[PDB]
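Residue numbers (PDB author numbering), protein chains in the order written: chain F, 427 to 471; chain C, 40 to 317, 332 to 471; chain B, 50 to 98, 116 to 130, 132 to 137, 141 to 150, 156 to 172; chain A, 6 to 542. A short worksheet on the structure shown next.
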Amino acid sequence: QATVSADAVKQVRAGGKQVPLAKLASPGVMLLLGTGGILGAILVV
Amino acid sequence: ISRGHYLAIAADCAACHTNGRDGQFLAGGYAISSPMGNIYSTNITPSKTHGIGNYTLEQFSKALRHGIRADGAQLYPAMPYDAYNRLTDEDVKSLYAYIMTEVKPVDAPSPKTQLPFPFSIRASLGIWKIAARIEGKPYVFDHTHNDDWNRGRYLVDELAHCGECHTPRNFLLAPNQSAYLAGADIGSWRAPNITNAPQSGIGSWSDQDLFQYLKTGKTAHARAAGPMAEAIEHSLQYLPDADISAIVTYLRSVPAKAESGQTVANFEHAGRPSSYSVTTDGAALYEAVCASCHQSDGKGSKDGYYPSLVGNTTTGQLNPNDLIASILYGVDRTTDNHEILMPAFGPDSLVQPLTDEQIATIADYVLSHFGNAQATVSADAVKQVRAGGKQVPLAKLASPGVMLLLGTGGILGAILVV
Amino acid sequence: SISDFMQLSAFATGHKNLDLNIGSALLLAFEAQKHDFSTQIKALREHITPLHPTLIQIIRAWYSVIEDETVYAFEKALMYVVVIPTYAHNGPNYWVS
Amino acid sequence: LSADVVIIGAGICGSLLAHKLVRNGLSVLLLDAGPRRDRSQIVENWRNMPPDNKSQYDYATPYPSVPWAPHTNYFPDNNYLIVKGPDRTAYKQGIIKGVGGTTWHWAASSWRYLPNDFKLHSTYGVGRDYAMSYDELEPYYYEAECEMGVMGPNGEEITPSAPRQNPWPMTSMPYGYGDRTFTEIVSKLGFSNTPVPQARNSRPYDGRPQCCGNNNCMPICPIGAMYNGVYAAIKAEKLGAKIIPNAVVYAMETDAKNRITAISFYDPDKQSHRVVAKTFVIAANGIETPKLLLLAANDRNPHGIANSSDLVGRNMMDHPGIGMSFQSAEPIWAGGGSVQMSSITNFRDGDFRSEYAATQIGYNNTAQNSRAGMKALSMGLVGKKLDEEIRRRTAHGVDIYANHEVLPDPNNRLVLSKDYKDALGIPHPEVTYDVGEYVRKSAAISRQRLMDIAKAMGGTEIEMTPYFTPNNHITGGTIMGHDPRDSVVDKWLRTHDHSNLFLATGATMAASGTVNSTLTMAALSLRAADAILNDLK
Ligand SMILES: Cc1cc2nc3c(=O)[nH]c(=O)nc-3n(C[C@H](O)[C@H](O)[C@H](O)COP(=O)(O)OP(=O)(O)OC[C@H]3O[C@@H](n4cnc5c(N)ncnc54)[C@H](O)[C@@H]3O)c2cc1C
Ligand code: HEC
Ligand code: HEC
Ligand code: HEC
Ligand code: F3S
């Protein structure tokens, strides 16, 4: 039943699949969320 | 011809409303590339069912000038209605007579525009133009300048909408009044600076050359390519000589906007002679493709059919976007029903396909020996041109991942207040 | 050892302009062809101021690549490039240049 | 490898058929022995090709010869093609192998055959007439002409020729000085000069530049103004077809029902691979398709695939040409325009065709600069005198050909001889080509006419070849016919014995005709496209 894809090995080399939490550990993502918090402050005003 | 027919020809109205030459003119269904995606032009023939046959003078002007449709939806900014804002109402009503009387209506639909969120909701564009401050009082004939400059300003800014293709944009994709007619990327191609700047614009062009270029698109120092080929073969070539002369006079009064470190005019930059040792060679690979139509020294044809790559505005720009787009797509102009064509050299080329690395190799060579030596082309620079230029900062939000990330941020604020 | 081959024959019996460095390519190819190629060419200058009333083999550097005293005799009437309306009533007839 | 319709040979016929089929939707795989070849590389090779091979026309040196499946070259040959017989030199024709096929190089001359030629057997009782008539192929002629973008003299009545239901997509580009001088002198002599319909863009067409007179139609054009099979190959590949280079098809596994099931092809390193598709199509060459059929003999068919009548390899035709070379008294200035613009088509039809072949006079417009230059160099002149000598020889240099109509003779054959091999062990094709007294009398008449032309033009240093020259288009080898017991393929581009095999190539051609005519191969290939459709609809 088990079957191995070409990119399945590539994931193991990099350290397995990226956990959903780790995507937030990139400078791009926090900047996107930083603006969202700014939106709320102006929204209340 | 009809008075409205002249403006319709002048205003490039038939260019975007026919799918190439095959489709019926003014019938819509023509795809135009935008960073947000593809916006399809809707039919304009006065069809009572599937066209705009129910349009009236009050609402036809509103759709043309202020860009709101009959239903109440906001027309996409792809229309030059921001350019058409200054269009005088006495001239707009002339278009309505032309649309209803001249063009034969067709009961044929056109595909609808589909864009990802948040561009899916049409009414969101109402806020967009408010930040862009389109209005925009109707044009009134200027008095401090002669009658010729008055008509020249009429054709360029609002009639032929030359600005919307030349002047740059901002993060919100709106016209930039500070850098007026400065030149910015348009999808794959790039309109150059056309201000009165002597060394960085088109000021160094002779006035006779400028009039000839806008009339046909063919001059010894520059040839119209890409969108200008569509611009010339559709609208400008039919204009009267006085109006084209009026355009030249106006273009001489636009204030100069210099670029980032330009020393000599693009067409005034000469080239150094070179040859090749009789793959992956700038001199050799350029000779295997270009040496026939042009020459080995880049001087082109003797009489002027093939362009001289030395002192050429397409090669004299610091940004090689025009030169890379010239290789990737080729030029195809049509003056007075006399077509001149250059075969495409992209991955989907029919004559001989060049990969992105290959195109950079010739682009490096031609710029080094015939174009501006300062200019340099990278391997991925060609790849950006194939995809439609660099992604605009606003377009990154047009992905389902980004909106989900921002969606949680709004949720955070609601709980934060509690 | 290059300018001597460049001016080997004459200005009139050859090119008034330069060879555009094809002579350097030609000379470097002749090195494998003839070891004594570099020795005979220098002596030829003094003889004109024996070699070619009887000895013709010295013309291999003159025949050769066509280079038939080349960019051609008539490049203004025949192709190898030119404008599409190439027909202009044969241009000239026998005006060499 | 699995497909729906497999087409072998990505030339004019294979690529046009694949383009039409993928337009119709059903998937098509193109397998070709040659590699993926680019036009720019061939232009570079021709420019760097030794110029001595330009003086005498060479159309294979720029094109690389792959070791596993070499294409024949006629400057000293690699012995890929062996010719036997009294006029073995008549079949000294060359081909180029690779994606785009031999259509990578060709004079762009696309022609429509006379209506009489389709009923040649029923008209003059010689050879085998075509299965279909002119009216049964004219729409496909127009379709192929539109696809390839042919030129044509629309606004002039010329001579008894092929009637047209719709004028040519383009208009004949104006003559140079050489063509005008030749036309006026032959009109004074008594011969009518007619423009040749060429697959050249007189105006921009199908995203390709206008013909700029590079005068290098053969063997490679730097800009692509003329038409090549690579265009249709690329169009088909983009539309959805899958094309594989270096696919040397050698054997086909057939059954007792004569419907083929599998095809095996060698790579350069002998690795065989099997491909299965509903319908199998072979479009190689008039010289390669019969060879492949003979090579693929299996248990069911001992003497060859689809050979219940044993006519493969037989009835080979190729137009015999009589060359000419001399210097005119007055400056012809030949070289302007394309390599082949005008021709004498007055003798293409008549009542005399029942006794001798219809002569097709017409000269070559290739530039004389290289040949004249090396002729003057061989005179030993040096300097200014050499300059006037090269001037005279390139302003008076003239070359004329004179084609003929060679009839199908079953004595001719395509025995794939075992004496000479190749890298993969595939036998080198060998052709025994016979001419017959028909073309002998026709060639005598052509020689008389060529002497007349030379005397009218004041020719000097006249050297006509003493042997019949080739014309590089292979006609016949797999002859059509309504009767399966005297012909091998039917009226619908189908092998009689193998119902599941559709053959569309110059081998299928039935009569040699008068003119340089790969267009009919294009028309028949497009004709076979409907056969693909109804077979899978
Ligand atoms: C000099 C010249 C003049 C011409 N003049 C004219 C003219 O006047 N008028 C005109 O209409 N046309 C003219 N033509 C065009 C010519 O008629 C066509 O281009 C030709 O018939 C098409 O062949 P092709 O290129 O499609 O064959 P290709 O596509 O090259 O054939 C490839 C096939 O060969 C097979 N093959 C190759 N090697 C092997 C092997 N070892 N074992 C097994 N299979 C093998 C492959 O598997 C494949 O099936 C001219 C061409 C030339 C070169
Ligand atoms: C290409 C840049 C265009 C030119 C030039 C003109 N129009 Fe246009 N128009 C264009 C698009 C892409 C759209 C629809 C996008 C949107 O935001 O919905 C439109 C819309 C109209 C309409 C609205 C009704 C309709 O059925 O689309 C009208 C009445 C209209 N355009 C008229 C019009 C006229 C009169 C033009 C000549 C000055 C003209 N358009 C130019 C694209 C383009
Ligand atoms: C003949 C078939 C051509 C070949 C091969 C190449 N080019 Fe070309 N190019 C050609 C024409 C006829 C034109 C202009 C249209 C006219 O009416 O003048 C061009 C244009 C360009 C340009 C821009 C010139 C201008 O628009 O002002 C560039 C930079 C250019 N061509 C470059 C170029 C390169 C790099 C080529 C090798 C890949 C090449 N061209 C091939 C004709 C032909
Ligand atoms: C968008 C469709 C355009 C409109 C409307 C106008 N122009 Fe344009 N122009 C455009 C492009 C994409 C290009 C560059 C083509 C290339 O070779 O890269 C140009 C070019 C010019 C030039 C040449 C300047 C130079 O190359 O340095 C001039 C003088 C010019 N355009 C003027 C001009 C005028 C006066 C217009 C109003 C009628 C106009 N353009 C409209 C794109 C578009
Ligand atoms: S290859 Fe092309 S442009 Fe003219 S002469 Fe030969 S056609």
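Ideal Cβ positions, reconstructed from N, Cα and C, are used throughout, including at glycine.
For residue i, which three-state DSSP category applies?
| i | result |
| --- | --- |
| residue 206 of chain C | coil |
| residue 443 of chain C | coil |
| residue 476 of chain A | coil |
| residue 285 of chain A | strand |
| residue 373 of chain A | coil |
| residue 558 of chain A | Only positions 6 to 542 of chain A appear in this structure, which leaves residue 558 of chain A out of reach. |
| residue 525 of chain A | helix |
| residue 263 of chain C | coil |
| residue 256 of chain A | strand |
| residue 499 of chain A | strand |
| residue 302 of chain C | coil |
| residue 391 of chain C | strand |
| residue 47 of chain A | helix |
Quick check: what's the CA-CA separation for residue i versus residue j?
| i | j | result |
| --- | --- | --- |
| residue 127 of chain C | residue 179 of chain C | 8 Å |
| residue 461 of chain C | residue 455 of chain C | 10 Å |
| residue 125 of chain A | residue 132 of chain A | 7 Å |
| residue 386 of chain C | residue 200 of chain A | 29 Å |
| residue 61 of chain C | residue 230 of chain C | 26 Å |
| residue 144 of chain A | residue 368 of chain A | 30 Å |
| residue 471 of chain C | residue 458 of chain C | 21 Å |
| residue 44 of chain A | residue 405 of chain C | 6 Å |
| residue 84 of chain A | residue 254 of chain A | 21 Å |
| residue 64 of chain B | residue 127 of chain B | 14 Å |
| residue 310 of chain C | residue 293 of chain C | 30 Å |
| residue 290 of chain A | residue 73 of chain A | 17 Å |
| residue 216 of chain C | residue 196 of chain C | 12 Å |
Could you name the residues of the same chain whose beta carbon sits closer than 6 Å to that of residue i, not counting the 5 residues immediately before and after it, in chain order?
| i | result |
| --- | --- |
| residue 48 of chain A | 225, 227 |
| residue 108 of chain A | 16, 17, 233, 234 |
| residue 164 of chain C | 113 |
Once you ignore the five residues that flank residue i on each side, which residues in its own chain have a CB closer than 8 Å to its CB?
| i | result |
| --- | --- |
| residue 41 of chain A | 103, 104, 250 |
| residue 59 of chain C | 69 |
Spell out the partners DSSP gives residue i in its beta bridges.
| i | result |
| --- | --- |
| residue 278 of chain A | A:270 |
| residue 89 of chain A | A:437 |
| residue 331 of chain A | A:403 |
| residue 408 of chain A | A:365 |
| residue 231 of chain A | A:205 |
| residue 229 of chain C | C:224 |
| residue 33 of chain A | A:10 |
| residue 385 of chain C | C:394 |
| residue 316 of chain A | Bridge partners of residue 316 of chain A: none, in fact. |
| residue 326 of chain A | A:474 |
In its own chain, which residues sit with a C-beta less than 7 Å from the C-beta of residue i, not counting the 5 before and 5 after it?
| i | result |
| --- | --- |
| residue 89 of chain C | 82, 146, 147, 148 |
| residue 380 of chain A | 398 |
| residue 208 of chain A | 175, 215 |
| residue 529 of chain A | 498, 509, 513 |
Scan the region 46-91 of chain C and note each continuous beta strand (DSSP E) run of 3 residues or more that stays entirely inside, going in chain order. 70-73, 76-79
What are the start and end residues of each continuous alpha helix (DSSP H) run of 4 or more residues lying completely inside the region 95-177 of chain C, in chain order? 96-100, 128-140, 164-171
Beta strand (DSSP E) runs contained entirely in the region 138-206 of chain A, provided each spans 3 or more residues: 198-200
Runs of alpha helix (DSSP H) wholly within the region 268-313 of chain C (minimum 4 residues, chain order): 280-290
Minimum length 3: unbroken beta strand (DSSP E) runs contained in the region 417-465 of chain A: 433-437
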